[PDB]
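Accompanying notes for the structure given below.
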Amino acid sequence: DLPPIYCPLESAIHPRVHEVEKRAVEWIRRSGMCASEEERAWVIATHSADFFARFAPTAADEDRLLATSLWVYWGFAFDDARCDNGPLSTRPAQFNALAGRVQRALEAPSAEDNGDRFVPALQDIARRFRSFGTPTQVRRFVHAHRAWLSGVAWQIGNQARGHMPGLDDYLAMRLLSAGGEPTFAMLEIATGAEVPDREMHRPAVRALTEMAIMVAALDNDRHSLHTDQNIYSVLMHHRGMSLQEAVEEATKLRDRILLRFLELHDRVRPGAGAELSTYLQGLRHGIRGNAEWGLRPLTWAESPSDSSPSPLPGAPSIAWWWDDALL
Amino acid sequence: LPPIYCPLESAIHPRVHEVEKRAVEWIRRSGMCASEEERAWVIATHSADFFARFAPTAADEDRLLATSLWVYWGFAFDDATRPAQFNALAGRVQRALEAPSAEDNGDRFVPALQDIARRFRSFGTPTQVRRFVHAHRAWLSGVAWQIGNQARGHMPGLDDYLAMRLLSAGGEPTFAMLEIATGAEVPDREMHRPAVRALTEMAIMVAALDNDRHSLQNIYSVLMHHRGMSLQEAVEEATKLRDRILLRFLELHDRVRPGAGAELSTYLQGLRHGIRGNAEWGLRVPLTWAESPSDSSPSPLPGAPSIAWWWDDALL
């Protein structure tokens with residue numbers, strides 16, 4: 001019993017998606033990233049190029065769309081083999097060092113793989129980003145990437161302990177561990193449109209970005225549907241709901257965040273410069289694209305399941321999203 | 001044993017005593033410390049003296065205060081955890097730096113950091129705040145990696161050690177506060193130039209290695225364990241590696257400084273004042289300095305491929 005997804009946002013897909021996907025599938029075979037044929041097939045079947053082509057559906061340079069799509073594949077592969085499943089998945093001490101080595105390899109081209117098959121793959125993606133984006137944009141990606149790995153470390157930490165975070169911590173963690181920071185920070189790299197520091201770091205824009213990430217993360221928890229750390233288990237544990245009531249509750253929260261995204265967007269967009277405007281539409285396309293890609297004649301909710309204009313109850317760390325003085 | 005090679009400028013803010021007085025006050029009122037003994041230990045760091053060496057001419061005494069507050073905070077945070085819990089703790093503390101609406105939930109360090117962050121947001125631009133934010137996370141990542149190795153009985157090789165220690169010694173957030181103290185906004189096109197990234201890391205690495213010495217998982221253990229050196233052999237070896245890094249910094253700085261804008265220049269002067277100030281603060285907490293480096297090789301450290309890019313001008 002899943003409600004349709006409320007997502008009155010623009011759905012589009014890059015016209016060169018099949019071409020980029022073909023190049024991606026090839027890179028995957030050359031990359032050394034995958035141990036077996038079965039693993040490669042799994043990685044390919046993510047259709048990560050279909051995915052990221054929905055985030056940057058008018059990217060002028062197919063190579064930029066390719067590079068960024070590769071990291072989406074990389075991310076799914078690294079996630080499935082190192083974060084979500086293998087020995088490190090409940091071994092935070094070992095993961096902290098992996099995260100340190102992997103993150104260092106991203107920042108330091110001279111780093112060596114130390115027998116890790118994921119590292120040369122990542123260093124190649126990074127090499128592509130450094131040839132395309134400005135050092136400022138690469139730093140934004142780099143910082144977003146460490147942010148994601150910090151979320152995963154937090155999550156693997158939780159898993160080791162069997163700790164089910166509360167709502168506030170879960171959203172804070174999941175904001176990072178679902179991969180949205182580094183995903184959305186590639187928008188600029190894909191489109192070529194650099195957002196100036198003064199605009200990019202405006203509290204309002206920081207908030208729209210976090211909100212986009214949060215809706216996408218929560219649509220992913222949906223798509224996933226426990227001991228597993230997800231919105232449904234969090235609400236089941238912390239509020240004693242049945243699965244059905246948690247399903248309904250999660251959809252309200254998520255819809256409420258999306259309405260705030262839409263209201264703040266409408267306030268911010270008119271005065272936005274062109275680079276920021278493009279970034280903002282990327283946030284919209286990504287929210288929609290993430291939902292739709294998870295689904296794939298589709299059906300969508302015409303109305304939000306909840307329309308309260310105030311901060312989400314029990315989630316203080318996101319309440320500043322509704323603070324227009326601060327934004 | 002051997003005196004430190006550090007031909008860098010030493011200076012200290014003229015209002016250092018005034019700032020230290022206000023800081024001692026804030027530390028007392030911050031709720032950060034459980035006990036008087038703990039407040040005294042935090043105060044005994046002389047972090048205001050330390051950071052007043054990093055930003056000796058800051059125009060606004062309140063910015064030097066705000067930034068000095070965090071140095072006190074970082075020592076206190078570091079002095080007060082298993083890897084699994086630390087990963088969550090790091091996550092939570094970092095979120096409170098980023099989200100003013102985040103609530104302390106009885107964590108003694110979170111309001112204090114949020115007060116520091118509020119002061120930063122009343123002074124610095126949102127951009128300067130983000131820079132500090134990301135440096136803060138990087139430091140936390142390093143502390144998590146170090147905590148991880150300790151928990152496992154994993155003694156990192158020289159490469160992992162330096163990469164980690166670059167993060168864990170606290171130099172990233174420390175140096176990321178120079179702009180907020182001085183008010184000199186560094187434009188991103190300058191701040192993120194790889195050369196400036198490398199100068200920052202080098203300043204950081206040297207300050208970190210001098211901290212290893214001031215402590216008499218550190219460079220000497222790492223070398224003793226992986227190379228089978230005696231302590232005395234490792235000390236000489238460590239001194240050589242470090243001096244060699246500082247030579248690289250001095251060299252790269254002299255290449256970068258002349259073209260630098262006023263804000264970036266002030267920032268680089270901060271790196272230099274920081275390296276010296278760190279060394280000098282560590283000694284004092286009349287001095288003899290080595291006039292010459294113990295090793296003058298201009299080549300990358302063999303056995304440390306993660307920092308080799310510091311010596312690659314092509315990449316810079």
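Residue numbering restarts at 1 in every chain; chains get A, B, ... in the order shown in the structure tokens, and ligands count up from 1 in that same order.
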
Using only C-alpha atoms, tabulate the residues of chain B lying at most 6 Å from any atom of chain A, each with its closest atom pair and that distance in Å to one decimal, by chain and increasing residue number, as JSON lines.
{"residue": "B:83", "atom": "CA", "partner": "A:93", "partner_atom": "CA", "distance": 5.5}
{"residue": "B:84", "atom": "CA", "partner": "A:157", "partner_atom": "CA", "distance": 3.9}
{"residue": "B:87", "atom": "CA", "partner": "A:154", "partner_atom": "CA", "distance": 4.6}
{"residue": "B:88", "atom": "CA", "partner": "A:154", "partner_atom": "CA", "distance": 4.8}
{"residue": "B:99", "atom": "CA", "partner": "A:317", "partner_atom": "CA", "distance": 5.8}
{"residue": "B:101", "atom": "CA", "partner": "A:317", "partner_atom": "CA", "distance": 5.4}
{"residue": "B:102", "atom": "CA", "partner": "A:317", "partner_atom": "CA", "distance": 3.9}
{"residue": "B:126", "atom": "CA", "partner": "A:201", "partner_atom": "CA", "distance": 5.8}
{"residue": "B:127", "atom": "CA", "partner": "A:201", "partner_atom": "CA", "distance": 5.7}
{"residue": "B:145", "atom": "CA", "partner": "A:96", "partner_atom": "CA", "distance": 4.8}
{"residue": "B:148", "atom": "CA", "partner": "A:93", "partner_atom": "CA", "distance": 4.0}
{"residue": "B:192", "atom": "CA", "partner": "A:136", "partner_atom": "CA", "distance": 5.6}
{"residue": "B:305", "atom": "CA", "partner": "A:111", "partner_atom": "CA", "distance": 5.2}
{"residue": "B:306", "atom": "CA", "partner": "A:111", "partner_atom": "CA", "distance": 4.1}
{"residue": "B:308", "atom": "CA", "partner": "A:110", "partner_atom": "CA", "distance": 5.9}
{"residue": "B:309", "atom": "CA", "partner": "A:110", "partner_atom": "CA", "distance": 5.5}

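Look at residue 22 (chain A): the protein and nucleic acid residues within 12 Å of it, using only C-alpha atoms and passing over chain neighbours fewer than 4 places away, are residues 16, 17, 18, 26, 27, 28, 29, 44, 47, 48, 49, 50, 62, 66, 69 and 70 of chain A.
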
**Message:** I'd like the contact shell of residue 220 (chain B) - 7 Å cut-off, only C-alpha atoms, skipping same-chain residues fewer than 6 positions apart - returned as a VMD selection string.
**Reply:** chain B and resid 231 234 to 235 238

Can you write just those residues out, N, CA, C and O atoms, as an mmCIF file, in the first residue's frame?
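Writing done, so here's selection_27.cif:
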data_model
loop_
_atom_site.group_PDB
_atom_site.id
_atom_site.type_symbol
_atom_site.label_atom_id
_atom_site.label_comp_id
_atom_site.auth_asym_id
_atom_site.auth_seq_id
_atom_site.Cartn_x
_atom_site.Cartn_y
_atom_site.Cartn_z
ATOM 1 N N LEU B 231 64.746 5.053 18.831
ATOM 2 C CA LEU B 231 64.173 6.391 19.050
ATOM 3 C C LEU B 231 65.052 7.512 18.503
ATOM 4 O O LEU B 231 64.561 8.410 17.795
ATOM 5 N N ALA B 234 64.974 7.641 14.871
ATOM 6 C CA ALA B 234 63.686 8.121 14.380
ATOM 7 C C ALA B 234 63.550 9.630 14.529
ATOM 8 O O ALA B 234 62.988 10.254 13.666
ATOM 9 N N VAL B 235 64.071 10.179 15.627
ATOM 10 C CA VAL B 235 64.096 11.614 15.888
ATOM 11 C C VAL B 235 64.851 12.377 14.801
ATOM 12 O O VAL B 235 64.366 13.416 14.296
ATOM 13 N N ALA B 238 62.718 12.019 11.611
ATOM 14 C CA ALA B 238 61.547 12.849 11.649
ATOM 15 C C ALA B 238 61.937 14.282 11.340
ATOM 16 O O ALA B 238 61.283 14.940 10.527
#

**Request:** Between CA of residue 280 (chain A) and CA of residue 130 (chain B), measure the distance and give it in Å to one decimal.
**Result:** 19.3 Å

**Message:** Calculated over only C-alpha atoms, which of the candidates B:266, B:278, B:182, B:141 has the smallest distance to residue 164 (chain B)?
**Reply:** B:141

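The smallest atom-to-atom distance between residue 314 (chain A) and any of A:270, A:240, A:166, A:57, using only C-alpha atoms, is found for A:166.
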
**Message:** Using DSSP secondary structure from the backbone, list all helix (DSSP H, G or I) positions within region 235-311 of chain A, as a PyMOL selection string.
**Reply:** chain A and resi 235-239+243-268+274-295

**Prompt:** With distances taken over only C-alpha atoms, which of A:79, A:245, A:255, A:275 is nearest to residue 178 (chain A)?
**Reply:** A:79

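Between CA of residue 294 (chain A) and CA of residue 77 (chain A) the interatomic distance comes to 16.9 Å.
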
**Message:** Give me the residues near region 4-14 of chain A as a PyMOL selection string, where near means some atom within 10 Å (using only C-alpha atoms) and where sequence neighbours in that chain fewer than 3 positions away do not count.
**Reply:** chain A and resi 1+17-18+20+49-60+62+65+215+219+222+251+254-255+258-259+262+281-282+284-292+295+298-305
